[PDB]
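Here you get one chain, nothing else, as structure tokens; it is the form solved without ligand EQ5.
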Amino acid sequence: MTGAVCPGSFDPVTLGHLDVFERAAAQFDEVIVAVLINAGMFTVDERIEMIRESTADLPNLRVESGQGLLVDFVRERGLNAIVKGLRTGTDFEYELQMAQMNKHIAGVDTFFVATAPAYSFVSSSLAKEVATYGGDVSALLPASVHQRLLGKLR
């Protein structure tokens, strides 16, 4: 009965995120994508739907929203692992502090997975920014999400 939680704001979910979800789903019996309720572009409901749309082929993955401490979200679902994607060593050091804190306060482990090379430079933020000024980000987002993004801007 293994399992992991994949956390984020996912505003919107990118192909980099989806790659991490797919890898987590391949290695744990159960995966929960945890969507933070927190000034964003998409509502929590929209963010959840976009993730659900993009993960239809992952039968052991579900999507849920929450707030407060991530470790409480994880433990209240009977799990004690987080899976997070990483691009750089700079990312590793900041996330490292959080992972060690989360282990300390709740015994929750964090597993980091290296970004697929093709998505090393995509982030929800840069994708939104580039799209806003007319740049083509269609290759960096699920087809679903891309059309939804065009809608919000226009």
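Position 1 is the first residue in the sequence shown; the rest follow in order.
Omitted from view is the form deposited with ligand EQ5 bound, to which the following refers.
- Using a 4.5 angstroms threshold between heavy atoms, residue 3 stays clear of ligand EQ5 in the bound PDB entry.
- Interface membership of residue 75, defined by any non-hydrogen atom within 4.5 Å of ligand EQ5 in the bound PDB entry, is ruled out.
- In the bound PDB entry, ligand EQ5 lies farther than 4.5 Å from every heavy atom of residue 25.
- Mapping the unseen interface onto this chain, residue 62 falls outside it, with no heavy atom inside 4.5 Å of ligand EQ5 in the bound PDB entry.
- Residues are counted as partner-facing when one of their heavy atoms sits within 4.5 Å of ligand EQ5 in the bound PDB entry; in 18-53 only 20 qualifies.
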